[PDB]
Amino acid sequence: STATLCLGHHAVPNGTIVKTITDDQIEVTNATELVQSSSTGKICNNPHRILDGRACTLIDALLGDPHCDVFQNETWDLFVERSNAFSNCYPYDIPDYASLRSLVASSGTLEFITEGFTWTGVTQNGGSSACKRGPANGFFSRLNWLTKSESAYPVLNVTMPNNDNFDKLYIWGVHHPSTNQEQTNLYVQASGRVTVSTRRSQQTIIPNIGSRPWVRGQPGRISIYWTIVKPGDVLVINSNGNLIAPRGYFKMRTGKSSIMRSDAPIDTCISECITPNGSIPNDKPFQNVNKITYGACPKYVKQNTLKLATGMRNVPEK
């Protein structure tokens, strides 16, 4: 005689808890994770040209520490510095180390172009047992340790023009003897001086004599500085002692290069996003792996899980 028609919706056995504006806990039939929270534990060798420092800091590679000569002229989308890297050349110190490591890392290249020295009056290629180059006493590949020649250290004055169409990165240094005897003995003048300038800049450094903790047997040190010479400009190095000469320059390019500190193994795969914990998928909007990231990556967030509802509210049945 009569009929009955009922309208309804489905429900599931085990639903999913989600957060709304009126609930920090409410169950819905389905949801999806918005926070990437896991890593494979490895850095995919690509889209990004990756370069494992292995045991060389980007700086040591730049300077030319012997065991780092393998990196000569290397390039990279992402340099990876390992925590067990070490330095085994002459004791050095860089004022504003952070900045140099940064601008080089950003440049993404170590292309070095040797230029015509012009060191008249001094002895070149100085070396140290602290920087052994095989059996011999070596020094940073890209630096020229100058010393007195025939009882005299000239008042050095060399010019190097920038006739190219790109900026040149010159990195030089000054040496800090351990004693006065060393000073005069090595440079004759009792007080050295290094002045590297351009039409746009000028930095004059003065050596400082004194004893410092022995490092690979050396009490002395080398403070390292750098200079960028723009096209049309020219470099002028003027010193009468203690200069550690440049051997040329590094080409400076702009791009997406960068550096990262990570002990993650570099496997063979493909992952747009790289973190020190390894690579991670970028299909989620947020990630909780690490705030340090390189590439197309989800934003980092404190939350280890955020569920986006994808179905109606789940209402059981008694």
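So that there is no doubt, residue numbering starts at 1 and follows the sequence shown.
Novice: Return whichever of 111-119 and 87-95 has the greater mean Cα B factor according to the PDB record.
Specialist: Looking at the recorded C-alpha B-factors, 111-119 comes out higher on average.
Novice: Identify the stretch, either 267-275 or 285-293, whose C-alpha atoms have the larger mean B-factor according to the entry.
Specialist: Higher of the two, by average CA B-factor, is 267-275.
Novice: According to the deposited entry, which of 248, 173, 219, 127 has the largest Cα B-factor?
Specialist: Answer, based on the entry's C-alpha B-factors: 248.
Novice: If you check the C-alpha B-factor for each of 202, 102, 189, 178 in the entry, which is highest?
Specialist: Of the candidates given, the C-alpha B-factor peaks at 202.
Novice: Ordered by C-alpha B-factor within the chain, which third holds residue 32? Give me lowest, middle or highest, please.
Specialist: CA B-factor rank for residue 32: lowest third.
Novice: Per the entry's values, where does residue 260 land by CA temperature factor relative to the rest of its chain, in the lowest, middle or highest third?
Specialist: As the PDB entry reports it, the C-alpha B-factor of residue 260 lands in the lowest third of its chain.
Novice: Which third, lowest, middle or highest, does the CA B-factor of residue 56 fall in along this chain?
Specialist: Top third by C-alpha B-factor.
Novice: Relative to the other modelled residues of the same chain, rank the CA B-factor of residue 206 and answer lowest, middle or highest third.
Specialist: It belongs to the highest third of the chain when residues are ordered by C-alpha B-factor.
Novice: Sort the modelled residues of this chain by their C-alpha B factor and say whether residue 80 lands in the lowest, middle or highest third.
Specialist: According to the entry, residue 80 has a C-alpha B-factor in the chain's lowest third.
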